[PDB]
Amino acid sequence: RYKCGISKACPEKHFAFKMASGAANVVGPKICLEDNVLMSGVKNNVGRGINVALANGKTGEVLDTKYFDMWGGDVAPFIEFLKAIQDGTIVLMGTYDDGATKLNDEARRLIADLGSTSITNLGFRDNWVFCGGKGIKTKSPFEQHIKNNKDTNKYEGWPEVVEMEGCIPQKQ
């Protein structure tokens, strides 16, 4: 078995990761980095909205985990958290149930600045996983989403879980 349960070993100077969005409003998202589960329902540290894990881009050590209720909460605390992210930080995000309703243009742009392309159009109950960074100079190569579409949804009212795994280049 490889770190995070990924399919193949990461090359040298890379951090392994594996993540999944939540399933409907019943199974929380899961974020694993370098064989350490940062957030999961079993850890009881996930909740409705956007679930965020921050990690040092040089060591891979977890700095913080928080979640922000993008259905029933105020967006101002989430913006304060986003603005405080330091340069070089690895930013892992996953949705649980709804991650879009309370987003505003400012929050979407701050996340787009971390390398996200999906955040701009993220809508009600879309599932999304992302791994970006503060100071990235490209679109992130780690981002997947599944739109909420009644004609194709796996669940009654929500899309299937979206999953992603990969190798994050270690900052030198």
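The first residue of the sequence shown is number 1, and the count goes up from there.
Novice: Decide which of the stretches 130-138 and 109-117 has the higher mean C-alpha B-factor, going by the entry.
Specialist: Mean C-alpha B-factor is greater for 130-138.
Novice: Going by the B-factors listed in the PDB entry, is the mean over the C-alpha atoms higher for 25-33 or for 50-58?
Specialist: Of 50-58 and 25-33, the stretch with the higher C-alpha B-factor average is 50-58.
Novice: Considering only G99, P77, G88, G73, which residue's Cα atom bears the greatest B-factor as recorded?
Specialist: Max CA B-factor in the entry, restricted to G99, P77, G88, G73: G88.
Novice: Checking the entry, which one of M39, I146, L63, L103 has the top C-alpha B factor?
Specialist: Going by the entry's C-alpha B-factors, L63 comes out highest.
Novice: C-alpha B factor of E160, ranked within the chain: lowest, middle or highest third?
Specialist: Lowest third - that is where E160 ends up once the chain's C-alpha B-factors are sorted.
Novice: Sorting the chain's modelled residues by C-alpha B-factor, tell me whether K13 ends up in the lowest, middle or highest third.
Specialist: Highest third - that is where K13 ends up once the chain's C-alpha B-factors are sorted.
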